[PDB]
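In what follows, a single structure is set out as structure tokens and then discussed.
Every number here is computed from the coordinates shown, using simple stated rules; none is lab data. Because the Cβ atoms are built from the backbone with ideal geometry, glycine has one as well, and the counts that use them run over all protein chains shown.
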Number of protein chains: 2
Amino acid sequence: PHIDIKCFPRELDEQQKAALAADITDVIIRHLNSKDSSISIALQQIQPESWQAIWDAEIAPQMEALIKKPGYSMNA
Amino acid sequence: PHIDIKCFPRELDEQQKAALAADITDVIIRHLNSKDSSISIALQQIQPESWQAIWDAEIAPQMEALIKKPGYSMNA
């Protein structure tokens, strides 16, 4: 599986990145019965003022299919 | 933050999707110190025939920046 995490800019050294990676991997293996080798994870940081684009492209379009809806809401 | 999980087709009922989302949420909360309401999660099932597209547009290009590299390669 390929996991993509989009978040606002964070301070994360290489150890924080590895730690985050290991906890996601763990969850994926347990829930989807994946192999560690089958897992890839991307971490993309979105600038403070640019979330509207993520909401219009990733969130809004799949609002109902979302296994976890956003708490907030930003539709015109 | 917004988390998107892409995997091959598998059977998953509502309770399983919820347990997965809940677990992903806790990992995100610890590592990103995120608020709970601000977390949205998507789960998209991709047919093996379409995985190559995911590799070319998501994995290969960000290879060096992935916080977790895949254990396989689709260069062939």
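Worth a mention:
- Rotational relation A to B, axis-closest Cβ in chain A, residue and distance rounded to whole Å: A:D4, 2
- Taking θ as phi - 60° and the Karplus parameters 6.51, -1.76 and 1.60, the scalar couplings of the stretch A:64-71 work out to 6, 6, 4, 6, 7, 5, x, x Hz in sequence order, x denoting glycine and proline.
- Chain B: C-alpha pair distances exceeding 17 Å, %: 56
- Backbone amide hydrogens, once placed in the peptide plane, bring B:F8 within less than 5 Å of B:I46, excluding anything fewer than 5 places away on its chain.
- Pairwise FRET efficiency - B:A19 versus A:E11, Cβ, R0 = 30 Å, nearest 0.05: 0.45
- Unit charges on C-beta of K, R, D, E only; dipole of the stretch B:1-64, Debye: 180
- Applying a threshold of 19 Å to the alpha-carbon distances of B:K35/B:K69; A:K6/B:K35; A:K17/B:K68; A:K6/A:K35; A:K17/A:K68; A:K68/B:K68 flags B:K35/B:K69; A:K6/A:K35; A:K17/A:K68; A:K68/B:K68 as lying beyond it.
- Computed log₁₀ I(q)/I(0) - Debye formula, equal Cα scatterers, no solvent, the protein assembly as shown, q 0.13 Å⁻¹: -0.57
- Only the Cβ atoms of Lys and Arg (+1) and of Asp and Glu (-1) were treated as charged; on that basis the dipole of the protein assembly as shown about its Cα centre amounts to roughly 180 debye.
- What the Cβ-Cβ distance of A:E64 and B:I29 gives, at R0 = 22 Å and to the nearest 0.05, is a FRET efficiency of 0.35.
- Working note: Karplus 6.51/-1.76/1.60 with θ = phi - 60° gives the stretch B:24-29 the couplings 4, 4, 4, 5, 5, 4 Hz, where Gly and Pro are set to x.
- With contacts taken as Cα pairs under 8 Å and at least 6 residues apart, chain B reaches a relative contact order of 42 percent.
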